[PDB]
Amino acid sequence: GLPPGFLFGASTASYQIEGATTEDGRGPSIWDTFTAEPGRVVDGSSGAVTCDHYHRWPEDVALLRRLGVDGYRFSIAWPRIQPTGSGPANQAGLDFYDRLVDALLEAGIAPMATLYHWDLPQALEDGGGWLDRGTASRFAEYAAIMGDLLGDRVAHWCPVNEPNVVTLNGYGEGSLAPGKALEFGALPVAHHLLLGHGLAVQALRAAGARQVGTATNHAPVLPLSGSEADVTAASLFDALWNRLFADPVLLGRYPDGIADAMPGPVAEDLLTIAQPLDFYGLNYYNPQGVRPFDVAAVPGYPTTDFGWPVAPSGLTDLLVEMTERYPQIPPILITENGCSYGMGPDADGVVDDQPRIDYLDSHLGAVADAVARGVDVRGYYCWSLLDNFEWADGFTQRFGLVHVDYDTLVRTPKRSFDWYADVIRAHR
């Protein structure tokens, strides 16, 4: 029971699929640095080659065409555009995205471009990365470059993927690149990511961009007990994970207490952060359990191969709660949803990933349930088109509609691919 003209897509990210890390003048990213360190990645892998989308993207565009998605969400590698994060653009970098976007348009696919999906140029990290306010300005300049090249052709833009992850995991506890562990010392990263968001929105509009939104991770936060310790920790986590990133964008304020902990002209910055958006993009996987706080899986649910709860009702609950908190929220696109399940091709070359079908089916139903309660949701993008490099978990977690063998680089559409193509057809 989805809206007429609901958009169906699929999503990837540059470092996770492209490979070709040293080709055509690409500069090192923080993820090149992180993956070169012993013990950072569970299986000792990197994004050196991964799916090798940089050389195999025609095949991938054709898979998207066969799938029949309305939209394809991809990320631009900043280090291919500006190897050091500043200075004149690398032509070969520009050429790659330019050609990709023209091919997507020939195939009748609406391109959704993410500017920042975590691959900061190392040269910018060397100067302090997102702890430096100046990084938000470098990001704004990069936005203008990509706006100038692609502005008239990209259907949708997402400046920053999951600023909450970049902040807490990258700089707060150091579980992801760049591996800093500042705890609350990471709050300035949040402010500069959000400032970067707002400046990029301006840059893209001035370049003639079409629709500009977000791609922020959101989850209902469930207290694991009744203890105040636990309800207060869950409230705190909700304030840090959800509100810290949505309140500034959608209301032009920080949650109570936070503005006074942020550097710079915060009031003026919040005007820059709160640029009007065409859509609000969110990434949803599952509710988060919480007990200054500790995050654990909510009990009682079946789990994916990543140990994550399968809890589609949490998506309905979230979409309803977001609409309550932010009545003026623009149309919502689900910019990512998906699941890790490890099955690969059997003796006959079939990948029977029925658990992935079940997950995606139930989540689409959860979107329909929120729509039925008056939530304005306009599309859904499956993470991912391809099995890919899952950050610190390497190649051990497969999220694809399409199986990728990392030795032969063969793509095999899974059962879920065929299922999704049928859903999309039925809905038209």
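In case it trips you up, residue 1 is the first one in the sequence shown, and so on.
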Please classify the unmodelled stretch of the deposited sequence between residue 291 and residue 292: none, 1 to 3, 4 to 9, or 10 or more residues. 4 to 9
Mean C-alpha B factor from the entry: is it higher for 172-180 or for 336-344? 172-180
Could you check the entry and say whether 105-113 or 213-221 has the higher mean CA B-factor? 213-221
Of the residues 72, 284, 237, 326, the one carrying the largest Cα B-factor as recorded: 237
Based on the PDB entry, the highest CA temperature factor among the options 119, 358, 230, 132 is that of 230
Which third, lowest, middle or highest, does the CA B-factor of residue 156 fall in along this chain? lowest
Among the chain's modelled residues, which third holds the C-alpha B-factor of residue 46? middle
With respect to C-alpha B-factor, does residue 76 fall in the lowest, middle or highest third of the chain as deposited? lowest
Check where residue 32 lands among this chain's C-alpha B-factors and tell me if it's the lowest, middle or highest third. middle
Sorting by Cα B-factor within the chain, modelled residues only, which third would residue 18 end up in: lowest, middle or highest? lowest
